[PDB]
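Protein chains in written order, with our numbering: chain P, 207 to 471; chain X, 1047 to 1098; chain E, 5 to 53; chain Z, 44 to 96; chain G, 1026 to 1078; chain A, 8 to 112; chain R, -12 to 36. Idealized CB from N, CA, C, for every residue including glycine.
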Amino acid sequence: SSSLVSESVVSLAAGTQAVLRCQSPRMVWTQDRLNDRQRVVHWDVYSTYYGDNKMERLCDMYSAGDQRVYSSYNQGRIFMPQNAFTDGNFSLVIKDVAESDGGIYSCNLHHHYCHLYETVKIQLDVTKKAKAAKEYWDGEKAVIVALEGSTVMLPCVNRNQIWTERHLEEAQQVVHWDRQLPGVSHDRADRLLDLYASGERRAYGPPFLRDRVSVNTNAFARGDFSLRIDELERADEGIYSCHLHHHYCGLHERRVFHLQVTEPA
Amino acid sequence: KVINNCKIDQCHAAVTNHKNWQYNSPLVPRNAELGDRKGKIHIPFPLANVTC
Amino acid sequence: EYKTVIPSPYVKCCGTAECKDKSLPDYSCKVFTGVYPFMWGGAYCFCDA
Amino acid sequence: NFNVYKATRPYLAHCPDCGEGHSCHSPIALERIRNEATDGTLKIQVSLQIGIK
Amino acid sequence: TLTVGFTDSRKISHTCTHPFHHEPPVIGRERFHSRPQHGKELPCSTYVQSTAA
Amino acid sequence: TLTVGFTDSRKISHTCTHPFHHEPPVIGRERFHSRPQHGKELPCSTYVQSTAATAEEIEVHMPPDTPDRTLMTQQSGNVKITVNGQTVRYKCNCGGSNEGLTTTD
Amino acid sequence: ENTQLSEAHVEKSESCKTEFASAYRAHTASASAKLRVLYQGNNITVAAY
Ligand SMILES: *[C@@H]1O[C@H](CO)[C@@H](O)[C@H](O)[C@H]1NC(C)=O
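Here you go:
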């Protein structure tokens, strides 16, 4: 049982090696468990006001850190809460805003394990003094008329459990491969194969049918669990179900292949 | 309170706390009424076998 | 005592390497296929096998 | 003053053990151990540089 | 033996210990003490970081 | 075994270890473990603090590359690759500009 | 004049649900086998009890 993501119908002849391409780019389970709870947030600004200013990657954060500054001129110029990951603040503060730091900022976050990313845009116009310093909404983002020579704050208010600091690698990928014959029901398909990100593999049915139906050695490392059935026996025709589950990222994918095996005449 | 004309070593007294519950251990003495009392908590960090 | 020198291994994608004999003591070589190495930033390369 | 390492750089390589059982990538990978000395002192080769900025 | 210790807000070190013989079971024939960069993979029981029993 | 560890400017502890059986060789018949105030003197190999070697060369080569995808990001089916001031070779199975080395976003 | 009452018992461990040793009384068995046959100039695989 898993939410549908792709429905496929195929047909072949007996005595042929068919392959079902049950793949998921999110199933690139790194060899590496530890440090995969880590996520990386950061802020990058492009001073489009000048138009030739390469987007300045001001500073960044990993799980359990500080503001690390790409440039010394930014050192003493930028702060990011040490608890940003814990509370999801992910908000920038700049002590000494000036015309040099005027531009469009972007608060970006990447999750190593899920390979998922988030980003929020901000605009920072510069005013010489507070006679016109105020917040407004251009139509797509928030624009701040920062008072020059004063501390300003850019919020990053994403507070999703995904990015909240945690030990998330206790979870690992699981793959179910089942066959529903012409007369079997979905979720009643015989459990042909079970795969776990730690290399555990379980096969069922008759001793022989297992060998023909196989999966590549390191599907988890690639996220491609394509199933190869060698020299298709016409009795193998049916609906092949491929369920991919990893709950932290929320992945509960279902893929289905309606394979009809013919024979030479 | 005060109890006059009596030695301090005469006896003992004990503060009877019953506000926040205390999870059972062999060392701690029992409350002396019965064996069990309401209030249960699950033990985390379960077991599974993985490749090494 | 002897020291064993093993320079950085030659990696390749979508193509194959080859062993050229070296006139060195006990020099040895080998090749392998289907390896999909991963580095810190991700997979080294796309060619799966 | 024994300054030959201008263009050198550190590694960040797959160390066999980053702790707690799992092997990950660290900047302190080591791949050579020398102990031929009779006294017992050991050279340890290390990925990252030292004594420089 | 096995001892635990901690530092108080009292700026005091409180420690306790129990004699508990901790012997990791040798898994496989090769009595290994630190797992390798290269080697075979075998099943083995262990724990997990989940916080919902 | 033998482990090394250090503390980062990240205020993080990075450690590595290798199983290396370190057994000092017993020099002389008397298997001694800490050298004495009084005793005989025998030759033994060892190292020195000199920082000028004599023809013990180790090669250094240009790093191949470091393929990282953090620079990428999906913009409504439009991949955006950020360079932030380096030389980056992109190559995609997608058509059009499948391959190219650039230094600009 | 004071007294102490103690008692204890023994129960199964939740670890049993994952790790344990099982004793069976298997007596007989059945045989299955795999054969390769050269037929009409080609190797063919067969499986049967
Ligand atoms: C049958 O198996 C042998 C075993 O080496 C092999 O050489 C041959 O190519 C295979 N196919 C045939 C004989 O058609």
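Range of the contiguous beta strand (DSSP E) that encloses residue i
i: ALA35(R); result: 29 to 35
i: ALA1094(X); result: 1093 to 1097
i: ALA352(P); result: 348 to 353
i: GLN466(P); result: 457 to 468
i: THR109(A); result: 106 to 109
i: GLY12(A); result: 9 to 14
i: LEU1073(X); result: Element bounds for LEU1073(X): n/a, residue is neither H nor E.
i: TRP235(P); result: That residue, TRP235(P), is in no beta strand (DSSP E); it is neither H nor E in DSSP.
i: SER212(P); result: 209 to 219
i: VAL299(P); result: 298 to 300
i: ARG96(A); result: 95 to 98
Closer than 8 Å at the beta carbon, the chain C residues around residue i
i: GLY405(P); result: The question asks about chain C, but that chain is absent: this structure's protein chains are P, X, E, Z, G, A and R.
Where residue i sits in the DSSP three-state scheme
i: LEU240(P); result: coil
i: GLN1062(G); result: coil
i: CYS1052(X); result: coil
i: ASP442(P); result: helix
i: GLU5(E); result: coil
i: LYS86(Z); result: strand
i: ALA80(Z); result: coil
i: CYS1041(G); result: strand
i: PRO31(A); result: coil
i: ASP396(P); result: strand
i: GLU1(R); result: helix
i: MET359(P); result: strand
i: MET43(E); result: strand
i: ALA336(P); result: helix
i: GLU376(P); result: coil
i: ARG76(A); result: coil
i: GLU305(P); result: helix
i: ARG407(P); result: strand
i: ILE10(E); result: coil
i: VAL86(A); result: strand
i: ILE95(Z); result: coil
i: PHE36(E); result: coil
Chain E contact residues for residue i, given Cβ-Cβ distances below 8 Å
i: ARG36(A); result: Those do not exist, as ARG36(A) stays about 24 Å from chain E at its closest Cβ, beyond 8 Å.
Host alpha helix (DSSP H) of residue i (start-end)
i: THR292(P); result: 290 to 293
i: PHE426(P); result: 425 to 428
i: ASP417(P); result: 415 to 418
Interface residues of chain X facing residue i [CB-CB closer than 7 Å]
i: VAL1073(G); result: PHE1091, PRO1092, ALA1094
i: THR1076(G); result: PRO1090
Counterpart residues of residue i in DSSP-defined beta bridges
i: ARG245(P); result: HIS317(P)
i: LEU22(R); result: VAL33(R)
i: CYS1069(G); result: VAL1096(X)
i: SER312(P); result: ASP250(P), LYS327(P)
i: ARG274(P); result: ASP266(P)
i: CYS448(P); result: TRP383(P), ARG461(P)
i: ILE435(P); result: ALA224(P), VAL419(P)
i: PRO388(P); result: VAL390(P)
i: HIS68(Z); result: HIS57(Z)
i: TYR342(P); result: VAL349(P)
i: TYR255(P); result: Paired residues: none, contrary to the question.
Assumed close pair residue i, residue j - CB separation to whole angstroms, cut-off 8 Å
i: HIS317(P); j: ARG245(P); result: 5 Å
i: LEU465(P); j: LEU218(P); result: 7 Å
i: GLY84(A); j: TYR97(A); result: About 17 Å separates the two Cβ atoms, so there is no contact after all.
i: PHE27(A); j: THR14(A); result: Contact doesn't hold; Cβ gap of about 23 Å is too wide.
i: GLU1066(G); j: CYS1098(X); result: 7 Å
Proximal chain E residues relative to residue i, where beta-carbon distance stays under 7 Å
i: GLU63(Z); result: Those within 7 Å of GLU63(Z) in chain E number zero; the least Cβ separation is about 18 Å.
i: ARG239(P); result: The premise fails here: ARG239(P) is roughly 13 Å from chain E at the closest Cβ pair, so nothing lies under 7 Å.
Closer than 6 Å: residue i CB and nearest ligand 3 heavy atom
i: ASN78(Z); result: By its list of ligands, the structure shown excludes ligand 3, since it contains just ligand 1.
Amino acids of chain P, ordered along the chain, whose beta-carbon sits closer than 9 Å to that of residue i
i: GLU1066(G); result: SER404, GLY405
Under 8 Å from the C-beta of residue i: neighbouring residues of chain Z
i: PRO1061(G); result: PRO59
Within chain G, the residues that residue i reaches when beta carbons sit closer than 8 Å
i: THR24(A); result: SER1059
i: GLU376(P); result: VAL1073, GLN1074, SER1075
Neighbouring residues, chain X, relative to residue i (Cβ below 8 Å)
i: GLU6(R); result: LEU1093, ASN1095
i: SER2(R); result: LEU1093
Under 7 Å by beta carbon: chain P residues contacting residue i
i: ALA34(R); result: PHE414
Proximal residues of chain G, C-beta to C-beta of residue i below 7 Å
i: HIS373(P); result: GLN1074
Under 7 Å by beta carbon: chain A residues contacting residue i
i: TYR48(E); result: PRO74
Interface residues of chain X facing residue i [CB-CB closer than 9 Å]
i: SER1070(G); result: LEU1093, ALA1094, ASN1095, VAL1096
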